[PDB]
Amino acid sequence: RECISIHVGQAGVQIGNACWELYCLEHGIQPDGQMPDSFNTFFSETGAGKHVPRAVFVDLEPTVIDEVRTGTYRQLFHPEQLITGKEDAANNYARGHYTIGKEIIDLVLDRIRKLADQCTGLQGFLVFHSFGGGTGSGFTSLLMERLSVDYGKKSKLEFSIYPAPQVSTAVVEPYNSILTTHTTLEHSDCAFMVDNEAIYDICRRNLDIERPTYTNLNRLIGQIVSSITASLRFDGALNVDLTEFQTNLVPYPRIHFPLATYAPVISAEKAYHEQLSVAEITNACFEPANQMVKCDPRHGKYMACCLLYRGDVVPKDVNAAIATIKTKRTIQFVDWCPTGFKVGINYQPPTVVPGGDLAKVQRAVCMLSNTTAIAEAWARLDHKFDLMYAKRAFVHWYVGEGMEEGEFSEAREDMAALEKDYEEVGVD
Amino acid sequence: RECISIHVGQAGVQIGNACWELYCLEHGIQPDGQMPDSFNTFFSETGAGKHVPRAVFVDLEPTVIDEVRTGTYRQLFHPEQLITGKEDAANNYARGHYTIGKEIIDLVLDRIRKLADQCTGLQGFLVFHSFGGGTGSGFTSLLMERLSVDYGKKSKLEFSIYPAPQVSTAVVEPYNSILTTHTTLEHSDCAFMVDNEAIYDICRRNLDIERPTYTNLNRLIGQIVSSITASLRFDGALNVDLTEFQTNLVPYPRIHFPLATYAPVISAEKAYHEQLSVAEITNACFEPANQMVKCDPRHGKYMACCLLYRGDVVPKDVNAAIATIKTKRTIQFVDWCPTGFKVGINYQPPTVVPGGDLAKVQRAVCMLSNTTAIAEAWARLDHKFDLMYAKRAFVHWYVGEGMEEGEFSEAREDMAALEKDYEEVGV
Amino acid sequence: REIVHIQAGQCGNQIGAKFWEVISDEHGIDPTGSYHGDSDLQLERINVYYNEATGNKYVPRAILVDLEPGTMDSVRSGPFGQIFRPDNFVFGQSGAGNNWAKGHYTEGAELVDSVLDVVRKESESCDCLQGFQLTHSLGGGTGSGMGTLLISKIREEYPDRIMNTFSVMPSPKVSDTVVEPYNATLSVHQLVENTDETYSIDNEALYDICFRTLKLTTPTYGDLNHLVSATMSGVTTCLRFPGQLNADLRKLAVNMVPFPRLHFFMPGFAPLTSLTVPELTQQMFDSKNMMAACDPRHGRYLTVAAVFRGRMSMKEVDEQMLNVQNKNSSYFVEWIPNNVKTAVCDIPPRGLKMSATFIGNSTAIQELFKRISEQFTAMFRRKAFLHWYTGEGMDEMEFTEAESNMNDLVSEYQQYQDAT
Amino acid sequence: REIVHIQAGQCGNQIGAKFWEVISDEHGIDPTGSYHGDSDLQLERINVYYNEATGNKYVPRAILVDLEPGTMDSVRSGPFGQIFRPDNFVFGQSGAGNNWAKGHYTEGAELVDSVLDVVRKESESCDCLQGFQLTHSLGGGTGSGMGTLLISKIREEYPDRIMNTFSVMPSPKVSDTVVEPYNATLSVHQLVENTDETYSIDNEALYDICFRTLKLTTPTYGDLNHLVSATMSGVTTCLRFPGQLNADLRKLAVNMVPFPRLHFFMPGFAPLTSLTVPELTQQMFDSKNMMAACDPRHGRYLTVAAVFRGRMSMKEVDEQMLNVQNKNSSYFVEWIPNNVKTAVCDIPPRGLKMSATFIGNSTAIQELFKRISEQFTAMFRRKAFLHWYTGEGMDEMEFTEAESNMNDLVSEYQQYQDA
Amino acid sequence: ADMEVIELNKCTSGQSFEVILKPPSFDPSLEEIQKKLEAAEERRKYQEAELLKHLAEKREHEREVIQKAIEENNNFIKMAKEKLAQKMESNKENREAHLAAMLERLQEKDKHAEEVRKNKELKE
Ligand SMILES: Nc1nc2c(ncn2[C@@H]2O[C@H](COP(=O)(O)OP(=O)(O)OP(=O)(O)O)[C@@H](O)[C@H]2O)c(=O)[nH]1
Ligand SMILES: Nc1nc2c(ncn2[C@@H]2O[C@H](COP(=O)(O)OP(=O)(O)OP(=O)(O)O)[C@@H](O)[C@H]2O)c(=O)[nH]1
Ligand SMILES: Nc1nc2c(ncn2[C@@H]2O[C@H](COP(=O)(O)OP(=O)(O)O)[C@@H](O)[C@H]2O)c(=O)[nH]1
Ligand SMILES: Nc1nc2c(ncn2[C@@H]2O[C@H](COP(=O)(O)OP(=O)(O)O)[C@@H](O)[C@H]2O)c(=O)[nH]1
Ligand SMILES: [Mg+2]
């Protein structure tokens, strides 16, 4: 049935800001809320006329959320659902989770709960937050604990922004990532990682943007994120309830992390070119250069596959397409599965923000796969993290907010265990 | 003196249904019971006008007996004498004999006894039932037990319908046959088997009915059955009363089973043809193709013979006919008998159901013989039975109604002993 | 004499509705009302499937169960939607889950009573109740999961009466859940314990039939549900028509099932899509024309029941049948004697002038179980998605208990490719 | 979100005033009034540095402290003198002494309260107060001496908020107190203990820059304060402009300081006096162009922050930066990964179309401490002018305590030229 | 042949006789048992009353499972609710001492000025 989005902290807020705009464009909802079940899974018909999103926006500084209540979409949300906390998290999980976090978590949880109240069968939450950075890692962690206390069964899907050096602020990023990913783990259900490097790299090879914005990256993410929710926003074939959606992707309580690969990313201005075949875009999905966590899956193994087509498409094609993906490519499925490919088709074509960078496309794909190759992004972090921590590099900033030194030890102890898990799902 | 017919379960009901209609036609009794001792042995003169049959009809589903109380002959029987039980026997002796049987047997026996009360010298019972099939095998068995308790001497003659594959429902048919024939054996006196295959086969060679009905078969059986009772219905020596059957046909308490062979079966439409000689129809009797349990008696031996002629006939002929049957045929009598042929003549000509398949005939015969060839039908069954039981094939359906697995063992043990008996009466 | 119809879960209801609107045209019933058609026979055994209500009106004896509204409102706002009585529907509201455990334990046992409550007032309203037939998917959750519990709860309320299931044993090709083998194995266990007959309908088979032999390019659940509806109406006919041989549901059972466990009938149909008698028989007795994916070559017949349809000279019919089981004599088991009965009913199905259908209790069915079981041990081996069930309250070794129970069933079907 | 500015002692005030009249021209503020300029950006983060008063008026958030009138009246009767609020000034009246002890104990603690009383009513008047920055000399007394006490008293009233200092570490050449090393060592001790970042500005450096590479014959405190004002406006930009990265002060701290002790950022500037991007980067990353006299060869970088200025194609900027730390790869420490962030802000400084500035936490800074400490043990060895402090109430071994604390700091910077 | 038809009986509507043709050539039903018809009901009234008490078994397992998921989701909360609230009174307790150990450090260097200014008023 229902579905609450929670956006925590700048990255999360701005990613959100940029797909609620896309949801609005998809469902014909004008910025003022008015539009002349279904998409009801995400919007609540409040009063007579309006269509407010089932969302809460939380940041610990004003600034970002403040920009939301300033420029159109200003009237989209309700004033309350946008929460801001005066002082920063200053780029450290400890501050975020404990020190400044403490103060605002009672207001957030108590407000989320007001949305929960207006849901005749609330289904789960969609949390959007950065991996690096302060409130993104810190406050999210604490939210997710207390959420797991306040909403038992109710699923929790997360959209994590995995940090990449070029478009990044803090040096202590790795600590924050490893710190949260640990605390958060036994509280998430399935988690979609987004490698900022990949999203930036796609914008450079594909859109030809010399050096992309955050709003450049964001619009792309918005699309990948829409493509995922899509299934349960209109009513489209399978992946058709939050349990059943992921009952598909995750074979083991840990191993949350599906790899997202989005179909035709083709720069507006090229719009009037020849439209790409259902076979050609399917093939795009099995090309690392098109991925979304920079890794390499003709290396690890697949334990789940899941093509999610959007736009006008017939199964006769998707089937006949899948055939030649197997022939002239790397099948590479682990020991103890089928050779899956759950196919979902959503006839409602992809929309694009009209002033944006990418063109209107006829047909898109989304290929979500639980591959052991993602583990690579778990090392590239752990390596950084070890190599600083080996010297206590910035640890004293955390101990300073009253965090135990052994809480670093222990989170890294888990990231090892995970890296172990992921490698131990090969061969039998 | 008197004589109660009991028809149990579809097959039996419908065979019955089709010979009471013939008894009625023979004795001038209109379907309403009216007619403008003798045939008193079978009908009672209830109130002033009517002539209701001495019969009880029992089935465990309604359906069949229901049809009786719907279509003319509706008023023939008395409402009570038609008994029905709501739930089926679902094709298994165990259900019939034990499970659903239990409930209805106290009413049946208690009702049969009301007919018994009417009878100043009741003579015995004629039970009509299927060999295969549920209530036919099952409920009869239990009836026959309790009958042998409630009516000591009183004879019991049975008309069994021996199952044949083409006109038949259940796969478990053999079990039910062997199961009952065992339980029923020390309780019957003489038993007339009817091979549905034979009766179906006669309909095809003789009547040219491409694929016969039950009602097709039934009318023929009606005739063979009438031919047997005839003796006790009209009165005229040779089986004038149940006891004589046993006396003439059965030499050993076991060996119950006489072979019936009926005379001219000739399709109406041929009616106006030349009438067949007393010699020609006597000869018919010694032709397997005209039998009634498919076996072969120029193979086994005769230990009793008994020609029952109907219609206008003089002994000088039957005698002189029998002469040439001996000469150009197979005598084949066992060691320790006469070479019998008890002849019975009933001047009252054969009648036929007017819309029916066979024509009005001048003279018919019936040749009832206790031959050891019938034993063949006992094997053809036992073979089926063994061959399923060897794997418990459907046994669990019986054990399920609370029957002992060793009760199968033990019934087959008897069917062996019988097949033994029958072969040990040679030489 | 009178059977009620439980129809539970998405696949169950989709099959069920098409089944209903197929027999209501065979019998001749309006969307709402009753008779309109120049035939006469129909109404004799309409007793069996239609508890008839006030006025003229016929209303099918049906319970519609689901664990969420969606696919039920589908049925109401559709074909013969106005036909089933209002509070004979049972909405789940909650998650179905595509998770056996949920349908059999948690979210299921939530409903269960409300269902039983209607199966009661339908059944307790029969003159002499035959038993129940349920239709449902075997993979997935609301049908496969609650259903097995429903039947587990019916036997107990009616030990007494017999139990029927059209169950759609599921396939990798045309399917929508990695977990189906888990859901199926869990049910196949239950079925073995609580039914008297189960008609195994392979979605694998169906698909093949449309694309192996039908030129149908993209098989919907549409032009594939169609085959089942036709198969189901054939299989039933004698329960609902003139009726002497089989036809009595228990009689069918006593005749089709030698051994308590082996009640897995694989069905088969005449001509297809949306004919001479010999050709009709060579088709209805064909691998390429069975409703369960398994060639009845690798495996013999324990019992067959075949039922023909249409004014046709049956002199040729037994003649034909007899030939089949002489031509192909070796594949009918020797130790059950007259083990293949036939019957004819002269009222044709939709379109078709001539048709036939066949129920086979065949040890080729073994082939299907093995394949759903090979899928299952393939996952449970290193314990795949099991955690979805562990969490719903289930026990680890209960999966090991189902697998093992069903492995026996393979080992029995095998056992009875025996000898005289 | 809002920082107050303590500016204490002669060198403190001289630097401070020039700093102020430099950013008020960057932001576009009148001697008294407010905005006059066709730019738009400026005012977004004017919040940070200008507590704005009645009417239009902007008034800098500044506390002006000295221990004698002279150099304050200098500021009032001068450049942007009419800008600071009247009772934001604190006259000492008495001797400053050029004696740390005097400024930190006797004649200093005399004032201290009156100062804290204004830092309070400024700070207790912020929306969310960031922290404080103080400018002052490190040798000599009123700035170096009272200042360290001021900061010692601020942390305590605000443990909480973070602590900033542009401090001018002094030199034999250009100075006239024999005692400076005493005054410097005594403070360097204090700084290590009570700041979160300190921008080390070497008057040695400055001098050289004007005479080593500027042809400036006689360097005043004039054409030498100039370099500091430019450096200081550079260093701050992100605190006061677009708001990409750093800009937070605590954020700057969490990113610049690996280890609680080592917060000694040595700064560096683009072009000089009173330009292509590559050349701009080869200059801003040059020994010959550091604000602290110590060539960042002999010593590696713990963290760098660089900030560029002017409408310039930053495709070339990261590209350039990336190259720097590859062509000079060995001098960035391996164990702190992405340890040199960069940012750009497109509003130029005075004159200059293009500019850049760099903050570097470098172990080359070790070089500076050693030289002020070699000066110090050179005197204290046979106890030189010590009697000036002994007398003011101080203890003998407290000098030994400061030297020793600061000798550790050398021994740590060294320690982290590691592996 | 060699007939010898010895006519046993003539009737109103009949006539019997036998034609012996050739010489011969040689020389407790018990009521008791329905202590068997109700002993067979003993077998059913039992083996059906078992596949019913193997069903009150299968049921006392639903009751078992349905309340395990609740007993162990109940377990998640009142384990990993207080796994946090005692991991926040470790933080609060920790940092508080870190700030108040940084003050009893700092006052101690201000009670130094009070003890070395008093050094001036006693050494003039
Ligand atoms: N894709 C994307 N990543 C972002 C965006 N904004 C920040 N990030 C990333 O997020 C990480 C830092 O987290 P932030 O969201 O900025 O910090 P925060 O604690 O959540 O918010 P603050 O209160 O501003 O500190 C870095 O890795 C950035 O690369 C954004 O708009 N889009
Ligand atoms: N000759 C003849 N045989 C019949 C007739 N009806 C059934 N049969 C045979 O009888 C056997 C089946 O016996 P049924 O009388 O149907 O069994 P039942 O349990 O007594 O009857 P139900 O109560 O309907 O179950 C099969 O061997 C059939 O071949 C009939 O009308 N005439
Ligand atoms: N024949 C046919 N099979 C179906 C249909 N719907 C689902 N199935 C099959 O049943 C399995 C899952 O059944 P589903 O109905 O989703 O389970 P439910 O939650 O109990 O309703 C899959 O393998 C499908 O192939 C249907 O419409 N027709
Ligand atoms: N950069 C710079 N350094 C100065 C200036 N004035 C003094 N200094 C240095 O600071 C030290 C003494 O500073 P001063 O401000 O006079 O100490 P005060 O008594 O606290 O005011 C000497 O070593 C000088 O080199 C100045 O105006 N600019
Ligand atoms: Mg933050």
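Chains as they are written, first to last, in the authors' numbering: chain C, 2 to 37, 47 to 438; chain A, 2 to 37, 47 to 437; chain B, 2 to 44, 47 to 277, 286 to 360, 369 to 439; chain D, 2 to 44, 47 to 277, 286 to 360, 369 to 438; chain E, 4 to 30, 45 to 141. Backbone N, C-alpha and C fix where the C-beta goes; we use that ideal spot for every residue, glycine too.
Beta-carbon neighbours of residue i, restricted to chain B and to distances below 8 Å
i     : result
E/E65 : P162
Where the alpha helix (DSSP H) containing residue i begins and where it ends
i      : result
C/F395 : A385 to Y399
A/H8   : Premise fails: A/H8 lies in the beta strand (DSSP E), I5 to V9, not in any alpha helix (DSSP H).
A/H406 : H406 to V409
A/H192 : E183 to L195
B/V257 : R253 to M259
Residue i Cβ short of 8 Å to ligand 6 heavy atom set
i      : result
C/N228 : The ligand content of the structure shown is limited to ligand 1, ligand 2, ligand 3, ligand 4 and ligand 5, which means ligand 6 is not among them.
Counted within 10 angstroms of its Cβ, other Cβ atoms place residue i as buried (16 or more) or exposed
i                      : result
D/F272                 : buried
B/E345                 : exposed
D/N59                  : exposed
C/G131                 : exposed
residue 278 of chain B : Gap note for chain B: numbering proceeds from 277 to 286 with nothing in between, so residue 278 of chain B has no coordinates.
C/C315                 : buried
A/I341                 : exposed
C/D251                 : buried
Chain-ordered neighbours of residue i on chain A, where CB pairs are closer than 7 Å
i      : result
B/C131 : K96 and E97
E/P27  : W346, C347 and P348
Extent of the continuous beta strand (DSSP E) run through residue i
i     : result
C/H28 : Taken as a continuous stretch (DSSP letters only), C/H28 belongs to no beta strand (DSSP E), as it is neither H nor E.
D/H28 : From DSSP, D/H28 is part of no beta strand (DSSP E) but of the alpha helix (DSSP H) over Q11 to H28.
Within chain A, the residues that residue i reaches when beta carbons sit closer than 8 Å
i      : result
B/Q247 : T179
Residue i: contacting residues in chain B (beta-carbon distance under 7 Å)
i      : result
C/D438 : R401
Those runs of the alpha helix (DSSP H) which lie wholly inside the segment 150-218 of chain D and span at least 4 residues: 150-160, 183-197 and 206-215
Pairs of beta-carbons, one from the segment 12-26 of chain A and one from the segment 73-93 of chain A, closer than 8 Å: are there three or more? yes
Across the segment 420-432 of chain C and the segment 122-141 of chain C, are there enough close Cβ pairs to call them in contact, namely three or more that are closer than 8 Å? no
Does the pairing of the segment 245-253 of chain B with the segment 347-354 of chain B give three or more beta-carbon distances under 8 Å? yes
Stretch pair the segment 109-120 of chain C + the segment 143-153 of chain C: three plus CB contacts closer than 8 Å: yes
Three-pair Cβ contact test at 8 Å for the segment 61-80 of chain D versus the segment 399-414 of chain D: no
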